[PDB]
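Following: one structure in structure tokens, then a few remarks.
Here, each number is a calculation from the coordinates, and none is a lab measurement. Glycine also receives a Cβ, built like all others from the backbone with ideal geometry; neighbour counts cover every protein chain displayed.
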Amino acid sequence: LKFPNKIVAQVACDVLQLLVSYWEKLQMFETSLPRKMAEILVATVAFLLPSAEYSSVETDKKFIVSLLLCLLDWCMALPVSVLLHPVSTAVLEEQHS
Amino acid sequence: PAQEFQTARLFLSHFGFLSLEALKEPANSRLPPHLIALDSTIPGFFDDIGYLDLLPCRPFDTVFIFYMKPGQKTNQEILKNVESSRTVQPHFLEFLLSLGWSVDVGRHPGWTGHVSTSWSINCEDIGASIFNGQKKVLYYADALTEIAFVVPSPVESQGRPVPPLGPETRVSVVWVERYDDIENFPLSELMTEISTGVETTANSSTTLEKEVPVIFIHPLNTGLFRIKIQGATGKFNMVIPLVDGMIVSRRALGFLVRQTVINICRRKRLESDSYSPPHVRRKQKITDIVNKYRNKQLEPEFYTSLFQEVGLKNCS
Amino acid sequence: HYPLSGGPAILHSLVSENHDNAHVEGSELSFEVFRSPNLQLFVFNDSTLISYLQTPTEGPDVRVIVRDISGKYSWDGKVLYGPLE
Amino acid sequence: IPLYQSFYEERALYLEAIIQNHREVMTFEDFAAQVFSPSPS
Amino acid sequence: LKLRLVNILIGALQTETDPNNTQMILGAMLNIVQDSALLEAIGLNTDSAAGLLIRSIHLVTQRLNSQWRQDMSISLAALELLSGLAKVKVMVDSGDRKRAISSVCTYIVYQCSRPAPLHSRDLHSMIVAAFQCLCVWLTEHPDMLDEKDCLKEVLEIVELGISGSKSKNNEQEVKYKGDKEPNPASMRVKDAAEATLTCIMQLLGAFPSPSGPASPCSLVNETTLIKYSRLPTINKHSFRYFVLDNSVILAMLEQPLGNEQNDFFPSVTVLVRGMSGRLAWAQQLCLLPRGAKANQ
Amino acid sequence: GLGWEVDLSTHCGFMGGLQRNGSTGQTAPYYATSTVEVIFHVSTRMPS
Amino acid sequence: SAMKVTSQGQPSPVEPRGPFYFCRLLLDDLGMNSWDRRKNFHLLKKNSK
């Protein structure tokens, strides 16, 4: 997703958008997998944000828009109860917050 | 199809109240943002909600009615003559029933002349002592005024936290049979017998005698009535609807008495310097509630509050 | 809330000012709808159109129709004067 | 296709154009009169 | 002798200059007008109730706009008399009532235009009393506000009371809403004007609510809704309280009460507690119009 | 497998040039999501 | 009946007279008429366009 080239990134984003149709199978395989996909999308769009809008290249903005739309699709497909489950990651769990 | 519905977020978003600009903290100011979420877990929230509920939206007054017989100077006898039946002129009862309708104190949703049994939203001859304030009370209400007429009777054998309303206004009406007994009226001795319960509130009996004015009704032998009013002169002279030494027929007696009571109470409220309209009191109470119960959250922290379920806070 | 009772084919309410208007008997929008003496349009936060319309009293009212960038929605509301139960 | 705009962008632009064109500036007296009675009196 | 009495009373009112005498005369006029009106209702036209009321209103308004401006007690007496005459239930031409409200509004304009050194607490008290009298006149006769001129004058007076200056000016540039600085004469005048606006917007017309004349606010609260829902899940914490613009407090319940048969659609129970008073609501979300409510 | 069938007579969604009279067909597959709506012009459903 | 006075009676509820009463009540019950709202709130000219 965070590849320097944008065409391969766009193809990867489309492939991720494809997986939304099999979220039931992903849940049956591993419980936390769809939440992991949503976290991956959130982190990627956060990382690409600082150098996206403060630039004169439209391709980065278009890729950001595509990332946001895929995130919206993933959120809509998932139920509300799953989205409210806390994020379980080592770096943040080390902190007392 | 979906089953559950969190309609609150739909309502906030559809009307345009919920937005990033609305939730943004004001710059260089202390007023809260345009949208604020309160808390139902901080102790005393429901008590303050009840405080806000008990505040009325329109001014209210109180009127006491007494009956006098010749050769009476003690408060006990004056209170006693009322509670008897068939021992007074029928014109007194006719004048009473022309002041307002009758409403039970328990089922009355408005002012009833006594704090402890007022604003209760949760629903053989005895004479004019029924209206003593324990079973029934004469009531009148308009779009801008509310009056509770109560006739005191002899006394025989924190749960309602009300914020200070302001200077209570009450006017007494006395039915005298002989004009010479007007001066011999024990107004001082009956101050303790006409406590409305607002004395504990209204914090913002000798000194209260001058505050209350008195209206005297003296029937004549020709059917007309003679009126004398004491202690109703202030900065703006006297009140017009019933001047001193006036004569009024029985047709326009109750209406003129009610108008005089309204004008006197309005003048008394306007004269005092520690009085504000009830909507100002409600606005100040709302501002105090906002200051003491607002939730300090950022914009992203507030959207996620809508999706989280409520009602299980004390159960989970 | 996406799978509403009307099926996934319908997402935003299809109602408008012409519907349930006593002063206009037509089923399509027309200038007579604006000629109604009980219709008014407002702009809120410079990014929302709010339409207030007092329908004839159906019983078990105020009708609010809102148009924004997310679509259009309709609200039917009535006051509760008397006590309950 | 050149200058192709998504649905939400077109809807937002059209809504902004409508608001800008049809917005009415008036004194508070006229606004309160209109709120009190939509048709003139 | 009734005609002679009325004529001499009118002459005494016209020729009087002392304050106390004028107050007594005004009280007598109110008494006689009310008595004649009630007698006619229960049963040169100067003896007639309608003509007597018209003449009384005309004389009082003329005196108020002519001489009773530099005096406080006399002006307050005239305001109380004009407030008293509203309660009289006698058919009369709307022109007289329009003239009365026009005179009251002109008095408001004159008093609020006094120089700053002459301003005092008594002036603001008189302004508040006149606002209350105007509110009583509007409430007792909601019909006459259908006129363009009466409504325009009333709203101009309210705007002058709130903002401190009328939006329209004879020669000065006009001002619009939003870009007008708030410069009220005083806090009391501003509060009175706001109360008048709230009354004319909500209480004007249909004063007795189905809840009863005793309580203008709705007689339903959180406890009533909880005990009426008859659902163990609903508790005192099920509500979500919101504050709008630091003035309005909401209390929203996200459970249908069964009032609407559309159990398949969202329902909310807004419970507004504003500065005017408590008021309930029941909003519903509908996707299809009334033509196919039962066809879904 | 490309979507459920919708009766064109009483369909309130996207049309894509189809007609209510039934000349262009009576049924057609339909697949729509929270943000994407797709309708197929199947050639084996339109009478010829 | 001239010397007879009518006893006061409780007034009965009366339906609102205006054709825009409920919408106006809803507008003024949400604070839309407060001083602060007089900036980000306006009207729309009603015409064919």
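The table below gives the values:
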quantity	calculated
Residue list for the stretch E:22-78, restricted to those being hydroxyl-bearing (S, T, Y) and either within 24 Å of E:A129 (Cα to Cα) or touching a strand residue (DSSP E or B) at 6+ places or on another chain (Cβ under 7 Å) (or both)	E:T22, E:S56, E:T61, E:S66, E:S73, E:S75
From B:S40, B:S13, residue being more than 14 Å from E:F239 (Cα to Cα) and among the polar types (S, T, N, Q)	B:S13
Among residues of the stretch E:122-176, those that are part of a loop (DSSP other than H, G, I, E, B), facing another protein chain (nearest Cβ under 9 Å) and over 22 Å from E:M91 (Cβ atoms), counted	6
Flag if B:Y67 is closer than 30 Å to B:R267 by Cβ and within 14 Å of chain E (Cβ to nearest Cβ)	no
Subset of the stretch E:241-281 that is at the interface with chain B (Cβ under 9 Å from one of its Cβ atoms) and charged (D, E, K, R) - its residue that is nearest to G:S34 (Cα to Cα)	E:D245
Tally of residues being over 13 Å from E:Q23 (Cα atoms) and outside any helix (DSSP H, G or I) across the stretch E:42-86	9
Selection within the stretch B:247-256 - facing chain E (nearest Cβ under 9 Å) and closer than 14 Å to B:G223 by Cα	B:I247, B:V248, B:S249, B:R251, B:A252
Positions within the stretch C:40-70 being at the interface with chain B (Cβ under 10 Å from one of its Cβ atoms), in contact with a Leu (Cβ under 9 Å, 6 or more places away or on another chain) and assigned to a loop (DSSP other than H, G, I, E, B), in sequence order	C:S47, C:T48
Residue satisfying condition, being at positive phi, of a type in the set (G, A, S) and out of contact with any helix residue (DSSP H, G or I) (no Cβ under 9 Å at 6 or more places or on another chain), within set C:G6, C:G59, C:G71	C:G59
Lone qualifier among B:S276, B:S316 - being assigned to a loop (DSSP other than H, G, I, E, B) and more than 10 Å from chain E (Cβ to nearest Cβ)	B:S316
Residue identified as outside any helix (DSSP H, G or I) and not aliphatic (A, V, I, L, M) among E:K98, E:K89	E:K89
Residue in the stretch A:56-78 that is small (G, A, S) and under 30 Å from B:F5 (Cβ atoms) present	yes
Inter-residue pairs, beta-carbon under 8 Å, first closer than 12 Å to B:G254 by Cβ and within 12 Å of chain G (Cβ to nearest Cβ) and in the stretch B:88-99, second buried (at least 18 other Cβ atoms within 10 Å of the Cβ) and charged (D, E, K, R), 6+ apart	B:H91/B:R250; B:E94/B:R250; B:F95/B:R250; B:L99/B:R258
Residue list for the stretch G:25-49, restricted to those being farther than 22 Å from B:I286 by Cβ and not in a loop (DSSP other than H, G, I, E, B)	G:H42, G:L43, G:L44
Only one of F:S43, F:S9, F:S48 that is among the polar types (S, T, N, Q), out of contact with any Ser or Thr (no Cβ under 9 Å at 6 or more places or on another chain) and within 20 Å of E:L288 (Cβ to Cβ)	F:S9
Single residue of F:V42, F:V38, F:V6 found to be of a type in the set (V, I, T), assigned to a loop (DSSP other than H, G, I, E, B) and either more than 21 Å from C:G71 (Cα to Cα) or under 11 Å from the mean Cα position of the chain (by Cα) (or both)	F:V42
Any hit, the stretch B:239-253, residues being surrounded by 20 or more Cβ atoms within 10 Å (Cβ to Cβ) and closer than 30 Å to E:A251 by Cβ	no
Flag if G:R17 is in a loop (DSSP other than H, G, I, E, B) and facing chain E (nearest Cβ under 8 Å)	yes
Breaking point among (1) more than 20 Å from B:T200 (Cα to Cα); (2) in a loop (DSSP other than H, G, I, E, B); (3) out of contact with any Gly (no Cβ under 6 Å at 6 or more places or on another chain); (4) within 14 Å of chain E (Cβ to nearest Cβ), for B:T112	(1)
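This table checks each residue for (1) closer than 18 Å to G:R37 by Cα; (2) of a type in the set (D, E, K, R).
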{"residue": "E:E159", "(1), (2)": "yes, yes"}
{"residue": "E:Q172", "(1), (2)": "no, no"}
{"residue": "E:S186", "(1), (2)": "no, no"}
{"residue": "E:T198", "(1), (2)": "yes, no"}
{"residue": "E:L225", "(1), (2)": "no, no"}
